[PDB]
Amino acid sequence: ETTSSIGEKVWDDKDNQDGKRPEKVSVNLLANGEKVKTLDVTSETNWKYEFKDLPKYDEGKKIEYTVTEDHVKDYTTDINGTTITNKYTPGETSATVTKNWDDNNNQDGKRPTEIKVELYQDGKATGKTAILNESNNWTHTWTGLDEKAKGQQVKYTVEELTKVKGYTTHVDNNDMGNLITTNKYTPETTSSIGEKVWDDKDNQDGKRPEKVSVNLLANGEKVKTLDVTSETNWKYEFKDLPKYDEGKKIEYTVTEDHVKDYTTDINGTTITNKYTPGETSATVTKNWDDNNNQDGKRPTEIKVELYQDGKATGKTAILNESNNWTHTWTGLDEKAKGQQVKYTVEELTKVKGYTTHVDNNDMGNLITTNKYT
């Protein structure tokens, strides 16, 4: 899904009476406070401009676009949406500052609600301040600033007064028309490690496979898979995993794709497989796709039932936050008559506002996802 950003440049100088209007201006496109594209506007296009083929989302989040203009001598600038007004003001200008949050869309929810900055002149604080926050799209333009401080051009810069904890700060002071303050933060990470233990009399019957596939689930969603073999002594480790999602701590679990003739039991990150000729287990997990229940319509519990070859077996389970929305049944026959049985899950409880979809590809990892529509 792409987008288009269009606007125009309007002159407020009495029709260029003093004939001091430049031939063009340079407008900058900022994506969430970051300069990603510049463009020259002239009378060729009747001072109109357009940025097309723009990504509407980055990291699955809506991109907040804004425009700034590089400083024009003796002109003061005003930005209203995409409409840039430059009014002729001999000897005076404006200065624009935008705040760039480089912290992965606030993944760890550590971003403050607002920050204050102050404009400096040739190095001395001016007393001109600004409070940047969501309301003003983290931008602010100061007006009526002196270009010359007695026979010599003056340089303006910005400085962040607020001390954002955990963040680092860098300021871009190259053009007073587009000053940018960047606050960087590196999101926390974790790792999950475990082992698989075989309970088959040290492979008495040589039925043990060469490897198993363990799945890593993030809040019920499968995000990575590992083939575990004896090469690592049946030990696995998932590294550099994001610790939070939208300010919330991610609940990580593991499941194992079905192994022929073994009954799986999962305790934490320890996966145990017991040799049980003709019998296995089935594992279910509920996936809540509703932006971490921000709208608060998620039920506190649901019920699912096991089905073999399409018929209700009567084996049910209540999934909730206490058992991590996951359950494993044991004692399931792999064969009936001479053919292999098929196992699927059914969500019994119908939850309003959500649409359900069930993945029955592998009985060792059945996943019921509910999308908040």
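Note that residue numbering begins at 1 and tracks the sequence as displayed.
- When the mean C-alpha temperature factors of 142 to 150 and 273 to 281 are read from the deposited coordinates, 142 to 150 comes out higher.
- Higher average CA B factor: 163 to 171, of the stretches 163 to 171 and 290 to 298.
- Between the residues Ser94, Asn183, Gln204, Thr157, the entry's highest C-alpha temperature factor is the one at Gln204.
- Taking the deposited Cα B-factors for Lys73, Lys248, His258, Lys222, the highest one is held by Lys248.
- Remark: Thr326 belongs to the lowest third of its chain, ranked by C-alpha B-factor as recorded.
- In the PDB entry, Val25 places in the lowest third of its chain by CA B-factor.
- Sort the modelled residues of the chain by CA B factor and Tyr120 lands in the middle third.
- When all modelled residues of the chain are sorted by CA temperature factor, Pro242 is found within the lowest third.
- Remark: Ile193 belongs to the highest third of its chain, ranked by C-alpha B-factor as recorded.
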